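First, one chain by itself in structure tokens, the form deposited in one PDB entry.
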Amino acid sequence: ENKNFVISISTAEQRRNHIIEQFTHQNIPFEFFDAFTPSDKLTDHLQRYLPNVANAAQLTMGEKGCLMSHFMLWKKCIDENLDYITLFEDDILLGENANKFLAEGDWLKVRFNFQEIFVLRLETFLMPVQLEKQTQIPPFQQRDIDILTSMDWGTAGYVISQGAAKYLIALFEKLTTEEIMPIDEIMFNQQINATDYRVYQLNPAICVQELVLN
């Protein structure tokens, strides 16, 4: 049964087409998961499932939609008692031999105990940064002077174990409004020194966000 889910706004035609292209090109099955967007449904879900996050001003409603989308997929993994689920965001580009990693789960099943608490990142692992070209301050000795900003780290491609899905659901439900942070910080950065929770990284990575590739 299919374990690959791609989080995507139902109306995002171009992204969905780019996702269909790449997955079918390598014969990798997947299903779209309709992303939560600023809407009655998202407001309602925040209220019932994560009231703490509803009251948090530090995240935009779009960031809250993305968070809700990952959260409800973790909940699907638990409710359906899946060993793991593999989640993507809809701007990913698949690397060369991605079919070997994503089309079948045997390689995971022989490696991991899925009751253990872990996430395996599939995407690139550079520190999350973006450059903005600017024209007003001229280059020197053939080097540009760009404007550097930080952004949130990627949650665009990962395998999550049933163990970690339970752990992250419990954690998100327990966080106070004040403790709410971007999904990547809670999932990755804030767990780096946790007892049971491991973050693994496929190295080299097998997928990359389109923006990150630039």
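C-alpha atoms forming the largest set that superposes within 1.5 Å between two forms make up the rigid core. The first residue of the shown sequence is 1; numbering continues from there.
In what follows, reference is made to the form deposited in another entry, a form of this protein that is not presented.
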Of 144, 104, 79, 116, which one's CA moves 2 Å or more between the shown form and the other one, core aligned?
144
Rigid-core frame, C-alpha of residue 95, shift of 2 angstroms or more between the shown form and the other one
no
Evidently the Cα separation of residue 15 and residue 151 changes by 3 Å or more in the other entry, so the atoms lie farther
